[PDB]
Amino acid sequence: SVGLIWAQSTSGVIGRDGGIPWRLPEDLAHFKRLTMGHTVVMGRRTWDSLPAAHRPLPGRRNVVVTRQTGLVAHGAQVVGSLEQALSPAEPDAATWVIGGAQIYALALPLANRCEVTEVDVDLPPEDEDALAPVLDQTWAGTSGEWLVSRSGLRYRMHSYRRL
């Protein structure tokens, strides 16, 4: 099973300036709970965006997709395409594609589940922002209730599965 997991502003922003333009502890916790013990596949820019104590993501098999033959990514497995990332020598019951926008676009046709956090933060998109994938009619979903973070932002989780 191949799943995508991301958090986006309502406006569709997932990344800015090489990082994340909000802080949402409940989403970090959701992400860590869903992915612990499993494989996480990411693009090289997402690998470079990870803060020090999270590079590699502890307790997960980290797979980094790059065209740079020769890239060294201590704590991760480097592969040269998304198809390679999804063709492991050692299978995993759960593989999560964890970003960014470039890799989500390649992975969406291959995935059967998306776990989406929606963040009610007003972020007019800016020209270099990374943006969320768009789900078409081949996906159907369920939405949790709007919740308020301990840090103040409204947020909610959505779970989509391929029809």
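A residue's number is simply how far along the shown sequence it sits, counting from 1. In this text, rigid core is short for the largest set of C-alphas that superpose within 1.5 Å between two forms.
- Between 49 to 57 and 65 to 73, the larger root mean square Cα shift in 6 other deposited structures of this protein, once each structure is superposed on the rigid core, falls on 65 to 73.
- Of the other structures of this protein that model both sides of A93, a third or more give it no coordinates.
- Once the C-alpha B-factors are averaged per stretch, 137 to 145 and 6 to 14 rank with 137 to 145 first.
- When the mean C-alpha temperature factors of 64 to 72 and 23 to 31 are read from the deposited coordinates, 64 to 72 comes out higher.
- By the numbers in the PDB entry, the CA B factor is greatest at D122 among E118, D48, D122, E115.
- Highest CA B-factor among the listed residues (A52, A107, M36, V40): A52.
- Sort the chain's modelled residues by C-alpha temperature factor and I98 lands in the lowest third, per the entry.
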